[PDB]
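Data first, discussion second: the structure below is written as structure tokens.
In mature numbering (1 follows the signal peptide of the UniProt record, and there is no 0), the protein residues as written are 1 to 104.
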């Protein structure tokens, strides 16, 4: 009964919207955090079928429930668009190399 299951990680829609709110504000503020500068453009190399419109931005969602603030990003991400609409929750867990797969 996870709202989203990323490997052995379990996220609720509430966890996802809390992560999305912090990431979108950073986006809107035109700021970033961490060595890899999150949030940033998510191009959809995977060709996932997102229902919302481009552009997409990837922001880390942490299994610890704390909001990402610059450290190790982990394998899971929340992808939201320019309008602050959730596109999907994805993960490196189960995918090869740097690819992603959608969290069920």
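No residue lacks a Cβ here, since even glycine has one placed at the ideal position from N, Cα and C.
Requested in this report: Quick one: residues in its chain with C-beta nearer than 7 Å to the C-beta of residue 102, no 5 flanking neighbours on either side, listed in chain order?
Outcome: Taken in chain order, the residues that qualify are 48, 88 and 90.
Report task. For residue 83, verify whether its CB is less than 6 Å away from any heavy atom of the ligand MN. Result -> In the structure shown, the ligand MN is absent, as is every other ligand, since no ligand is present at all.
Query raised in the report: Distance, Cα to Cα, residue 35 vs residue 1?
Result: If I take the Cα positions, the gap works out to 34 Å.
**Report entry** Length at least 3, wholly inside the stretch 57–94: the beta strand (DSSP E) runs in chain order
**Finding:** Here the runs fully enclosed are 76–81 and 86–91.
Query raised in the report: Does DSSP put residue 24 in a helix, in a strand, or in coil?
Result: helix
**Report entry** Bridge-paired residues (DSSP) for residue 4
**Finding:** 11
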